[PDB]
């Protein structure tokens, strides 16, 4: 059970961030496992993965995801030059995290169609401090809390839509919460 920050645990990179609102407990377990239990949290994102990620990694995950309010489960990461924050949402509760974003197209990957969106983040926190950057989204229609994600499918889809990715920074399977409650346990490989 740790406080916000980044580091490595049992062979995997981990990142845990929150807005200073309590109600969140994030725990690193053996291997690629992590568990998050939250009660009336603010905004937070946490999970395990790689640093840096790659543009062709096949990500495997399995677990239990039970949100009660705004929250999502997804492959989450960044790239630099250009600075991009991206998500491959596998599951979510209450509100589609892509809301308000501009839909570009769709991609069929790993047993499901995903809706592709792009949106601009203005003067918001990032891996390099407060900045303006674009977010790329791929939201899975058939929600699941276990499976395999071929990231290359989504990056190629995004590219075909004119969305370009820079040099990859870290890449993880993360659980996010936004003023809600719930719990999750995820094992990445």
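Numbering follows the first chain given and starts at 1.
Out of 117-125 and 45-53, which one has CA B-factors that are higher on average in the deposited record? It is 117-125.
Report the stretch with the higher mean CA temperature factor, choosing between 97-105 and 84-92 on the basis of the entry. Comparing 97-105 with 84-92, the higher mean C-alpha B-factor belongs to 97-105.
Out of 150, 138, 28, 161, which one has a C-alpha B factor higher than all the others in the entry? Answer for 150, 138, 28, 161: 161, with the highest C-alpha B-factor.
Candidate set 18, 10, 171, 15 [ranked by C-alpha B-factor, highest]: Result of the comparison over 18, 10, 171, 15: 18.
Of the three thirds of its chain by CA temperature factor, lowest, middle or highest, which one includes residue 69? Middle third.
Against its chain's modelled residues, does residue 23's Cα B factor rank lowest, middle or highest third? Top third by C-alpha B-factor.
Looking at the C-alpha B-factor of residue 33, is it in the lowest, middle or highest third of its chain? As the PDB entry reports it, the C-alpha B-factor of residue 33 lands in the lowest third of its chain.
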